[PDB]
file run.csv (CSV, C-alpha atoms and all ligand atoms)
chain,number,residue,atom,x,y,z
Y,96,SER,CA,-122.1,191.2,15.5
Y,97,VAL,CA,-121.7,192.5,12.0
Y,98,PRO,CA,-122.4,190.8,8.6
Y,99,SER,CA,-119.6,191.0,6.0
Y,100,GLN,CA,-120.0,193.4,3.1
Y,101,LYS,CA,-117.0,192.1,1.1
Y,102,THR,CA,-117.7,191.7,-2.6
Y,103,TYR,CA,-117.2,188.1,-3.5
Y,104,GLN,CA,-118.1,186.7,-7.0
Y,105,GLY,CA,-117.3,183.2,-5.9
Y,106,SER,CA,-117.3,180.1,-8.1
Y,107,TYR,CA,-120.3,181.1,-10.2
Y,108,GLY,CA,-119.2,184.6,-10.9
Y,109,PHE,CA,-122.1,186.2,-9.0
Y,110,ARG,CA,-122.8,189.9,-9.2
Y,111,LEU,CA,-125.7,192.4,-9.3
Y,112,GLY,CA,-127.0,194.6,-12.1
Y,113,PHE,CA,-129.2,197.6,-12.2
Y,114,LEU,CA,-131.4,199.2,-14.8
Y,115,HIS,CA,-130.8,202.7,-16.2
Y,116,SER,CA,-133.8,204.7,-15.1
Y,117,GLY,CA,-132.4,208.2,-15.3
Y,118,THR,CA,-132.9,211.1,-12.8
Y,119,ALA,CA,-136.2,212.8,-13.9
Y,120,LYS,CA,-138.1,214.1,-10.9
Y,121,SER,CA,-140.8,211.5,-11.6
Y,122,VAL,CA,-138.5,208.5,-11.4
Y,123,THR,CA,-139.3,206.1,-8.5
Y,124,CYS,CA,-136.1,204.0,-8.4
Y,125,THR,CA,-132.7,204.9,-9.8
Y,126,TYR,CA,-129.2,203.5,-9.4
Y,127,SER,CA,-126.0,205.5,-9.3
Y,128,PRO,CA,-123.0,203.5,-10.4
Y,129,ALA,CA,-120.6,206.3,-9.3
Y,130,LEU,CA,-122.0,206.2,-5.8
Y,131,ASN,CA,-122.9,202.4,-5.8
Y,132,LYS,CA,-126.2,203.7,-4.4
Y,133,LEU,CA,-129.8,203.0,-5.1
Y,134,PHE,CA,-132.3,205.8,-4.6
Y,135,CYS,CA,-136.0,204.8,-4.3
Y,136,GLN,CA,-139.4,205.9,-3.1
Y,137,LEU,CA,-141.2,204.3,-0.2
Y,138,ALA,CA,-142.6,200.8,-1.0
Y,139,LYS,CA,-142.0,201.1,-4.7
Y,140,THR,CA,-140.6,198.4,-6.9
Y,141,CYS,CA,-136.8,198.1,-7.0
Y,142,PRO,CA,-135.6,195.8,-9.8
Y,143,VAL,CA,-132.3,194.2,-9.0
Y,144,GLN,CA,-130.6,191.9,-11.5
Y,145,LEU,CA,-128.7,188.8,-10.6
Y,146,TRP,CA,-125.9,187.8,-13.0
Y,147,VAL,CA,-123.7,184.7,-13.0
Y,148,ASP,CA,-121.1,183.1,-15.3
Y,149,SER,CA,-122.2,179.6,-14.6
Y,150,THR,CA,-125.4,178.0,-13.2
Y,151,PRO,CA,-125.4,177.4,-9.4
Y,152,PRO,CA,-126.8,174.0,-8.1
Y,153,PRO,CA,-130.5,173.4,-7.5
Y,154,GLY,CA,-131.4,174.7,-4.0
Y,155,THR,CA,-129.2,177.8,-4.2
Y,156,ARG,CA,-130.9,180.8,-2.7
Y,157,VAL,CA,-130.5,184.6,-2.7
Y,158,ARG,CA,-130.8,186.6,0.5
Y,159,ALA,CA,-131.1,190.4,1.2
Y,160,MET,CA,-130.2,192.1,4.4
Y,161,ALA,CA,-129.8,195.7,5.4
Y,162,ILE,CA,-127.1,197.1,7.7
Y,163,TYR,CA,-126.1,200.6,8.8
Y,164,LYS,CA,-123.2,201.9,6.7
Y,165,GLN,CA,-121.5,203.9,9.5
Y,166,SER,CA,-119.3,201.9,11.8
Y,167,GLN,CA,-120.7,203.4,15.0
Y,168,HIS,CA,-124.1,202.1,14.0
Y,169,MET,CA,-123.3,198.8,12.3
Y,170,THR,CA,-124.2,196.6,15.3
Y,171,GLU,CA,-127.7,198.0,15.4
Y,172,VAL,CA,-130.4,196.0,13.7
Y,173,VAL,CA,-132.0,197.8,10.8
Y,174,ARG,CA,-135.7,197.7,11.3
Y,175,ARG,CA,-138.9,199.7,10.4
Y,176,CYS,CA,-139.6,202.7,12.6
Y,177,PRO,CA,-142.2,202.8,15.4
Y,178,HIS,CA,-144.8,204.2,13.0
Y,179,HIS,CA,-144.4,202.0,10.0
Y,180,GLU,CA,-144.1,198.7,11.9
Y,181,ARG,CA,-147.6,199.5,13.1
Y,182,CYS,CA,-149.3,200.7,10.0
Y,183,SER,CA,-150.7,197.2,9.0
Y,184,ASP,CA,-149.5,197.3,5.4
Y,185,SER,CA,-148.7,193.6,5.6
Y,186,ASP,CA,-148.6,191.6,2.4
Y,187,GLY,CA,-149.5,188.5,4.3
Y,188,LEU,CA,-145.9,187.2,4.3
Y,189,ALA,CA,-143.4,189.9,5.4
Y,190,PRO,CA,-143.3,190.5,9.2
Y,191,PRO,CA,-144.3,194.2,9.8
Y,192,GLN,CA,-140.9,195.0,11.3
Y,193,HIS,CA,-138.9,194.1,8.2
Y,194,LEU,CA,-137.5,196.9,6.1
Y,195,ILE,CA,-136.9,194.8,3.0
Y,196,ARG,CA,-139.6,192.9,1.2
Y,197,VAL,CA,-139.6,190.8,-1.9
Y,198,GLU,CA,-142.5,191.6,-4.2
Y,199,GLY,CA,-144.5,189.0,-6.1
Y,200,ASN,CA,-142.7,185.8,-5.0
Y,201,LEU,CA,-144.8,183.4,-2.9
Y,202,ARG,CA,-141.6,181.4,-2.1
Y,203,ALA,CA,-140.0,184.3,-0.3
Y,204,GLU,CA,-139.0,183.5,3.3
Y,205,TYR,CA,-138.4,186.0,6.0
Y,206,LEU,CA,-135.9,185.4,8.8
Y,207,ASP,CA,-135.6,186.8,12.2
Y,208,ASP,CA,-132.1,185.5,13.2
Y,209,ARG,CA,-132.3,183.8,16.6
Y,210,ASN,CA,-128.9,184.9,17.6
Y,211,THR,CA,-128.3,188.3,15.9
Y,212,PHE,CA,-132.0,189.4,15.7
Y,213,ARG,CA,-131.3,190.7,12.2
Y,214,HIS,CA,-133.9,190.6,9.5
Y,215,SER,CA,-133.5,189.1,6.0
Y,216,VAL,CA,-135.6,187.9,3.1
Y,217,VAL,CA,-134.5,185.0,1.0
Y,218,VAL,CA,-135.8,183.5,-2.3
Y,219,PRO,CA,-134.9,180.4,-4.3
Y,220,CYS,CA,-132.7,180.9,-7.4
Y,221,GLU,CA,-134.7,180.5,-10.6
Y,222,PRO,CA,-133.2,180.5,-14.1
Y,223,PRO,CA,-133.9,183.5,-16.4
Y,224,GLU,CA,-137.1,183.4,-18.5
Y,225,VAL,CA,-136.5,182.2,-22.1
Y,226,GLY,CA,-135.0,185.2,-24.0
Y,227,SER,CA,-133.4,186.7,-20.9
Y,228,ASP,CA,-129.8,186.6,-19.7
Y,229,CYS,CA,-130.4,187.4,-16.1
Y,230,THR,CA,-132.9,187.0,-13.3
Y,231,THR,CA,-134.5,190.0,-11.6
Y,232,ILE,CA,-135.8,190.2,-8.0
Y,233,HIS,CA,-138.2,193.0,-7.1
Y,234,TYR,CA,-137.5,194.5,-3.7
Y,235,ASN,CA,-139.4,197.1,-1.7
Y,236,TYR,CA,-138.1,199.3,1.1
Y,237,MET,CA,-140.7,199.9,3.7
Y,238,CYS,CA,-139.4,203.0,5.6
Y,239,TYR,CA,-137.8,206.3,4.6
Y,240,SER,CA,-134.2,206.8,5.4
Y,241,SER,CA,-135.4,209.8,7.4
Y,242,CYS,CA,-137.9,207.9,9.6
Y,243,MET,CA,-137.7,209.0,13.2
Y,244,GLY,CA,-137.0,206.3,15.6
Y,245,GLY,CA,-136.0,204.0,12.8
Y,246,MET,CA,-133.2,204.7,10.3
Y,247,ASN,CA,-133.3,208.3,11.4
Y,248,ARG,CA,-131.3,209.7,8.5
Y,249,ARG,CA,-128.5,207.1,8.8
Y,250,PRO,CA,-127.3,205.6,5.5
Y,251,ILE,CA,-127.8,201.8,5.0
Y,252,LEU,CA,-126.3,199.2,2.8
Y,253,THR,CA,-128.2,196.2,1.3
Y,254,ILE,CA,-126.1,193.1,1.2
Y,255,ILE,CA,-127.1,190.4,-1.3
Y,256,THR,CA,-125.8,187.0,-0.7
Y,257,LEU,CA,-125.9,183.9,-2.9
Y,258,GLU,CA,-126.2,180.8,-0.5
Y,259,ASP,CA,-126.3,177.1,-0.9
Y,260,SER,CA,-129.1,175.0,0.6
Y,261,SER,CA,-127.5,175.1,4.0
Y,262,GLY,CA,-127.0,178.8,4.0
Y,263,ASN,CA,-123.3,178.7,3.3
Y,264,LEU,CA,-121.8,181.6,1.4
Y,265,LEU,CA,-121.4,181.3,-2.4
Y,266,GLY,CA,-121.3,184.9,-3.5
Y,267,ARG,CA,-121.8,188.4,-2.1
Y,268,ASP,CA,-122.5,191.9,-3.5
Y,269,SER,CA,-123.8,195.1,-1.9
Y,270,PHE,CA,-125.1,198.6,-2.5
Y,271,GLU,CA,-126.0,201.7,-0.5
Y,272,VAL,CA,-129.7,202.6,-0.3
Y,273,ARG,CA,-131.5,205.9,0.3
Y,274,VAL,CA,-135.3,205.7,0.6
Y,275,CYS,CA,-136.6,209.2,-0.2
Y,276,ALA,CA,-139.4,211.2,-1.7
Y,277,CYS,CA,-137.5,212.3,-4.8
Y,278,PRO,CA,-134.9,209.8,-5.8
Y,279,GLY,CA,-134.1,211.6,-9.1
Y,280,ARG,CA,-133.2,214.9,-7.5
Y,281,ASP,CA,-131.3,213.3,-4.7
Y,282,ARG,CA,-129.2,211.2,-7.0
Y,283,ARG,CA,-128.4,214.3,-9.1
Y,284,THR,CA,-127.5,216.2,-5.9
Y,285,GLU,CA,-125.3,213.5,-4.4
Y,286,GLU,CA,-123.5,212.8,-7.8
Y,287,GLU,CA,-122.8,216.6,-8.0
Y,288,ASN,CA,-121.4,216.6,-4.4
Y,289,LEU,CA,-119.1,213.7,-5.4
Y,290,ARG,CA,-117.9,215.5,-8.5
Q,1,LIG,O1,-128.3,181.0,-17.0
Q,1,LIG,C1,-128.6,180.2,-16.0
Q,1,LIG,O2,-128.7,179.0,-16.0
Q,1,LIG,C2,-128.9,180.9,-14.7
Q,1,LIG,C3,-129.4,180.1,-13.6
Q,1,LIG,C4,-129.7,180.6,-12.4
Q,1,LIG,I1,-130.4,179.1,-11.0
Q,1,LIG,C5,-129.5,182.0,-12.2
Q,1,LIG,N1,-129.8,182.6,-10.9
Q,1,LIG,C6,-128.8,183.0,-10.0
Q,1,LIG,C7,-129.4,183.7,-9.0
Q,1,LIG,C8,-130.8,183.7,-9.2
Q,1,LIG,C9,-131.0,183.0,-10.4
Q,1,LIG,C10,-129.1,182.8,-13.2
Q,1,LIG,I2,-128.8,184.9,-13.0
Q,1,LIG,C11,-128.8,182.2,-14.5
Q,1,LIG,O3,-128.3,183.0,-15.5
Q,2,ZN,ZN,-140.8,204.5,8.8
call {"tool": "encode", "arguments": {"input": "run.csv", "output": "structure tokens", "more": "lines below"}}
Ligand SMILES: O=C(O)c1cc(I)c(-n2cccc2)c(I)c1O
Ligand SMILES: [Zn+2]
result
Amino acid sequence: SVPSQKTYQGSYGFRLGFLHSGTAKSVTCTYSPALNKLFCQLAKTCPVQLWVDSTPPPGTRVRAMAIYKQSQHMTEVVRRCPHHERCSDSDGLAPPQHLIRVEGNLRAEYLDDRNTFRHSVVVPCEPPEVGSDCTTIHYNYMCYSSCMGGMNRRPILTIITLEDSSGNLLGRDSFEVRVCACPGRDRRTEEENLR
């Protein structure tokens, strides 16, 4: 009924990392460590780093899935709103209903779960480029948090899972997401509210 959100580094020491983009009104994606919350604009690039202590086996994959954060909504499938699922902004791979896309990876696969009806997007693990210490996946979020008939101002979490070739759990991390017009201002506002 509800995917686990328990942080689990597992055998390979799996965890996420985020850039330090600041909170200028012009910023398009910015992460708050104090809130564990990513703020981003609609359909803009969200770089998410993958870090490990040791190399996972060939065939390991990384999956992203959104769930509602509030318990009274957690059994509801997170999907694009009635407007955005029909706006024909397909990239040729992502189903138009899916909130989360992976950008610039032809090996991305999109799953509609046959039992839970939840959406996810999964990519193969690839080693860092020479000179880099981590691998970065570029995600896009294809609806605003405020979209009527969709997320409708309800907070969501993105759950990132490291999986073996059969889909068994190897590692898990997560972060809250707000998709909004002004991520810099909203991050500043929410961090102030927390303080
Ligand atoms: O240093 C390595 O050998 C390495 C290998 C892999 I495969 C990955 N990875 C884990 C998830 C996606 C890529 C990473 I992050 C690494 O640092
Ligand atoms: Zn929408």
call {"tool": "atom_distance", "arguments": {"input": "run.csv", "atom1": "CA of residue 232 in chain Y", "atom2": "CA of residue 119 in chain Y"}}
result
23.4 Å
call {"tool": "residues_near_point", "arguments": {"input": "run.csv", "point": "(-116.0, 184.8, -6.3)", "cutoff": "12 Å", "atoms": "only C-alpha atoms", "output": "PyMOL selection string"}}
result
chain Y and resi 101-110+147-149+256-257+264-268
call {"tool": "residues_around", "arguments": {"input": "run.csv", "residues": "residue 123 in chain Y", "least_positions_apart": "3", "cutoff": "7 Å", "atoms": "all atoms listed in the file", "output": "list in words"}}
result
residues 135, 136, 139 and 278 of chain Y
call {"tool": "closest_atom_pairs", "arguments": {"input": "run.csv", "of": "chain Y", "to": "ligand LIG 1 (chain Q)", "cutoff": "8 Å", "atoms": "only C-alpha atoms and all ligand atoms", "output": "JSON lines"}}
result
{"residue": "Y:109", "atom": "CA", "partner": "Q:LIG1", "partner_atom": "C6", "distance": 7.5}
{"residue": "Y:144", "atom": "CA", "partner": "Q:LIG1", "partner_atom": "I2", "distance": 7.4}
{"residue": "Y:145", "atom": "CA", "partner": "Q:LIG1", "partner_atom": "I2", "distance": 4.6}
{"residue": "Y:146", "atom": "CA", "partner": "Q:LIG1", "partner_atom": "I2", "distance": 4.1}
{"residue": "Y:147", "atom": "CA", "partner": "Q:LIG1", "partner_atom": "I2", "distance": 5.1}
{"residue": "Y:148", "atom": "CA", "partner": "Q:LIG1", "partner_atom": "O3", "distance": 7.2}
{"residue": "Y:149", "atom": "CA", "partner": "Q:LIG1", "partner_atom": "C1", "distance": 6.6}
{"residue": "Y:150", "atom": "CA", "partner": "Q:LIG1", "partner_atom": "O2", "distance": 4.4}
{"residue": "Y:151", "atom": "CA", "partner": "Q:LIG1", "partner_atom": "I1", "distance": 5.5}
{"residue": "Y:152", "atom": "CA", "partner": "Q:LIG1", "partner_atom": "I1", "distance": 6.9}
{"residue": "Y:153", "atom": "CA", "partner": "Q:LIG1", "partner_atom": "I1", "distance": 6.7}
{"residue": "Y:155", "atom": "CA", "partner": "Q:LIG1", "partner_atom": "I1", "distance": 7.0}
{"residue": "Y:156", "atom": "CA", "partner": "Q:LIG1", "partner_atom": "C7", "distance": 7.1}
{"residue": "Y:157", "atom": "CA", "partner": "Q:LIG1", "partner_atom": "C7", "distance": 6.5}
{"residue": "Y:219", "atom": "CA", "partner": "Q:LIG1", "partner_atom": "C8", "distance": 7.2}
{"residue": "Y:220", "atom": "CA", "partner": "Q:LIG1", "partner_atom": "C8", "distance": 3.8}
{"residue": "Y:221", "atom": "CA", "partner": "Q:LIG1", "partner_atom": "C9", "distance": 4.5}
{"residue": "Y:222", "atom": "CA", "partner": "Q:LIG1", "partner_atom": "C3", "distance": 3.9}
{"residue": "Y:223", "atom": "CA", "partner": "Q:LIG1", "partner_atom": "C11", "distance": 5.6}
{"residue": "Y:228", "atom": "CA", "partner": "Q:LIG1", "partner_atom": "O3", "distance": 5.7}
{"residue": "Y:229", "atom": "CA", "partner": "Q:LIG1", "partner_atom": "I2", "distance": 4.3}
{"residue": "Y:230", "atom": "CA", "partner": "Q:LIG1", "partner_atom": "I2", "distance": 4.6}
{"residue": "Y:231", "atom": "CA", "partner": "Q:LIG1", "partner_atom": "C8", "distance": 7.7}
{"residue": "Y:257", "atom": "CA", "partner": "Q:LIG1", "partner_atom": "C7", "distance": 7.0}
call {"tool": "closest_residue", "arguments": {"input": "run.csv", "among": "Y:252, Y:237, Y:189, Y:201", "to": "ligand ZN 2 (chain Q)", "atoms": "all atoms listed in the file"}}
result
Y:237
call {"tool": "closest_residue", "arguments": {"input": "run.csv", "among": "Y:173, Y:208, Y:160, Y:272", "to": "residue 125 in chain Y", "atoms": "only C-alpha atoms"}}
result
Y:272
call {"tool": "residues_near_ligand", "arguments": {"input": "run.csv", "ligand": "ligand ZN 2 (chain Q)", "cutoff": "6 Å", "atoms": "all atoms listed in the file", "output": "PyMOL selection string"}}
result
chain Y and resi 175-176+178-179+238-239+242
call {"tool": "closest_residue", "arguments": {"input": "run.csv", "among": "Y:234, Y:212, Y:205, Y:163", "to": "residue 271 in chain Y", "atoms": "only C-alpha atoms"}}
result
Y:163
call {"tool": "closest_residue", "arguments": {"input": "run.csv", "among": "Y:260, Y:200, Y:140, Y:211", "to": "residue 170 in chain Y", "atoms": "all atoms listed in the file"}}
result
Y:211
call {"tool": "closest_residue", "arguments": {"input": "run.csv", "among": "Y:158, Y:165, Y:214, Y:225", "to": "residue 258 in chain Y", "atoms": "only C-alpha atoms"}}
result
Y:158
call {"tool": "atom_distance", "arguments": {"input": "run.csv", "atom1": "CA of residue 233 in chain Y", "atom2": "CA of residue 168 in chain Y"}}
result
27.0 Å
call {"tool": "atom_distance", "arguments": {"input": "run.csv", "atom1": "CA of residue 254 in chain Y", "atom2": "CA of residue 184 in chain Y"}}
result
24.1 Å
call {"tool": "closest_residue", "arguments": {"input": "run.csv", "among": "Y:199, Y:129, Y:282, Y:174", "to": "residue 116 in chain Y", "atoms": "only C-alpha atoms"}}
result
Y:282
call {"tool": "residues_around", "arguments": {"input": "run.csv", "residues": "residue 167 in chain Y", "least_positions_apart": "3", "cutoff": "12 Å", "atoms": "only C-alpha atoms", "output": "list in words"}}
result
residues 97, 162, 163, 164, 170, 171, 249 and 250 of chain Y
call {"tool": "decode", "arguments": {"input": "run.csv", "residues": "range 128-146 of chain Y", "atoms": "N, CA, C and O atoms", "output": "compact mmCIF listing (two decimals), in the first residue's frame"}}
result
# COMPACT_ATOMS: atom_id res chain seq x y z
N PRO Y 128 19.47 21.43 3.13
CA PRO Y 128 19.84 20.37 4.07
C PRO Y 128 19.05 20.44 5.38
O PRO Y 128 18.71 19.40 5.93
N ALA Y 129 18.74 21.64 5.87
CA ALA Y 129 18.02 21.75 7.13
C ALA Y 129 16.62 21.17 7.04
O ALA Y 129 16.09 20.65 8.02
N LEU Y 130 16.02 21.24 5.86
CA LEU Y 130 14.66 20.74 5.64
C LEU Y 130 14.64 19.37 4.96
O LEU Y 130 13.57 18.74 4.84
N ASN Y 131 15.82 18.92 4.51
CA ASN Y 131 15.94 17.78 3.57
C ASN Y 131 14.91 17.91 2.47
O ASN Y 131 14.08 17.02 2.24
N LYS Y 132 14.96 19.04 1.78
CA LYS Y 132 13.91 19.39 0.83
C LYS Y 132 14.50 20.05 -0.40
O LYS Y 132 15.26 21.01 -0.29
N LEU Y 133 14.15 19.52 -1.56
CA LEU Y 133 14.53 20.09 -2.84
C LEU Y 133 13.43 21.02 -3.32
O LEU Y 133 12.26 20.66 -3.30
N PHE Y 134 13.81 22.22 -3.75
CA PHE Y 134 12.89 23.18 -4.34
C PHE Y 134 13.28 23.37 -5.79
O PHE Y 134 14.44 23.68 -6.09
N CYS Y 135 12.33 23.20 -6.71
CA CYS Y 135 12.68 23.32 -8.12
C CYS Y 135 11.54 23.89 -8.95
O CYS Y 135 10.38 23.82 -8.56
N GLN Y 136 11.91 24.46 -10.08
CA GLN Y 136 10.93 24.92 -11.06
C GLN Y 136 10.42 23.76 -11.90
O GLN Y 136 11.05 22.70 -11.97
N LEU Y 137 9.27 23.98 -12.53
CA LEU Y 137 8.64 23.00 -13.40
C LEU Y 137 9.53 22.58 -14.57
O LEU Y 137 9.98 23.43 -15.34
N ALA Y 138 9.77 21.27 -14.69
CA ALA Y 138 10.47 20.68 -15.83
C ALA Y 138 11.92 21.14 -15.97
O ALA Y 138 12.52 20.99 -17.03
N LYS Y 139 12.50 21.66 -14.90
CA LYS Y 139 13.90 22.07 -14.93
C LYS Y 139 14.82 20.97 -14.41
O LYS Y 139 14.40 20.10 -13.63
N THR Y 140 16.07 21.01 -14.83
CA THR Y 140 17.05 20.00 -14.43
C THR Y 140 17.30 20.01 -12.94
O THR Y 140 17.61 21.05 -12.37
N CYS Y 141 17.15 18.84 -12.31
CA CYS Y 141 17.47 18.66 -10.90
C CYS Y 141 18.61 17.66 -10.76
O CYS Y 141 18.38 16.45 -10.84
N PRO Y 142 19.84 18.15 -10.56
CA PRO Y 142 20.96 17.21 -10.41
C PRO Y 142 20.95 16.54 -9.04
O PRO Y 142 20.92 17.22 -8.01
N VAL Y 143 20.96 15.22 -9.03
CA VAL Y 143 21.03 14.48 -7.78
C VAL Y 143 22.25 13.56 -7.83
O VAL Y 143 22.40 12.77 -8.76
N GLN Y 144 23.14 13.71 -6.86
CA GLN Y 144 24.34 12.88 -6.81
C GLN Y 144 24.07 11.55 -6.12
O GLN Y 144 23.30 11.47 -5.16
N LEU Y 145 24.73 10.51 -6.62
CA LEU Y 145 24.72 9.19 -6.01
C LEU Y 145 26.13 8.93 -5.48
O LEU Y 145 27.09 9.11 -6.22
N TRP Y 146 26.24 8.54 -4.22
CA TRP Y 146 27.52 8.27 -3.57
C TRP Y 146 27.50 6.86 -3.00
O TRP Y 146 26.48 6.43 -2.47
